[PDB]
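J.: structure for the following, please:
(chains A and B, ligands or ions: 1)
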Number of protein chains: 2
Amino acid sequence: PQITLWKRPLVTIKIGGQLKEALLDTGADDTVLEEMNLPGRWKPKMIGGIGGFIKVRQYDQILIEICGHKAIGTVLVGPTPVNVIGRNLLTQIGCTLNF
Amino acid sequence: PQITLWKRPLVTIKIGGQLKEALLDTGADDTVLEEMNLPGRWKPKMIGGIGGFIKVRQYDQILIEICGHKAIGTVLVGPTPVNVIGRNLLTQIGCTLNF
Ligand SMILES: CCC(CC)CN(C[C@@H](O)[C@H](Cc1ccccc1)NC(=O)O[C@H]1CO[C@H]2OCC[C@H]21)S(=O)(=O)c1ccc(N)cc1
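T.: Numbering: from 1, shown residues only, chains lettered A, B, ... in the order given. The coordinates are given below.
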């Protein structure tokens, strides 16, 4: 589809058998999702933006479905104010910027 | 143009007669640029990111050309990790997300 940017580009995603809302975020290198009790191992990481850094848990090879488009890659989990789909997964669903 | 997301969507902008590089950031409501001198009245404001809130100077009705497309809108100046073009200007240049 085509998403205009009058409002935040929020979409429904499916991850670990859960449905959530997340932003399609071209400014996010990597996907970051709200605290959720995901199974399996992980590696600590710190990610920075406006305001500074937050600590997150990096899970690898996680399966995510974004508007029926399946993807698999890195998902960071932590106390983020918002769920964002980053470029690591946006590339996998064919998402482009167009003007 | 159509921009893929395998790398950061960085483009050249012109503001206040100066060229700069900025990130097209669909997860930013607002446009925030690193510290710089801008002619025009400004008002102090607070804006919040993933790591908290920073102090910015709000300039209104600023002319800014993004990748050859002109926009006139609000520009926040302050300690952002990188120059970001947010939705307030992305809408003006006709930018949509497509997949
Ligand atoms: C380094 C480039 C940007 C910050 C400049 C990176 N951010 C994504 C960005 O889209 C962020 C995503 C974001 C959205 C909402 C709340 C926190 C973060 N938006 C943001 O900070 O926008 C601010 C400016 O406009 C306002 O509207 C949103 C907040 C304000 S981020 O959230 O900090 C981020 C950093 C690393 C990863 N892997 C994933 C996300």
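
J.: quick one, what contacts the closest residue to residue A:24 other than its chain neighbours?
T.: Beyond its immediate neighbours in the sequence, the residue positioned closest to residue A:24 (CB to CB, 6 or more residues apart in numbering or on different chains) is residue A:9, lying 4.5 Å away. For every residue, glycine as well, the C-beta is placed using N, CA and C. Shown in contact with residue A:9 (CB atoms under 8 Å, 6 or more residues apart in numbering or on different chains): A:3, A:23, A:24, A:25, B:26, B:27, B:97.

J.: what bridges to the residue in chain A that the ligand sits nearest to?
T.: When distances are taken as CB to the nearest ligand atom, chain A reaches nearest to the ligand at residue A:49, 1.9 Å away. When bridges are taken as DSSP bridges, the partners of residue A:49 come out as residue A:52.

J.: can you pull the contacts of it?
T.: When contacts are counted by CB under 8 Å, 6+ apart, residue A:49 touches B:49, B:50, B:51, B:81.

J.: can you check residue A:55 too?
T.: Applying CB under 8 Å, 6+ apart, we find residue A:55 in contact with A:44, A:45, A:46, A:78, A:79.

J.: enumerate the residues of chain A near chain B.
T.: Within chain A, the residues that sit near chain B (CB under 8 Å from any CB of the partner chain) are A:1-6, A:8-9, A:23-29, A:32, A:47-54, A:67, A:69, A:80-82, A:84, A:87, A:90-91, A:93-99.
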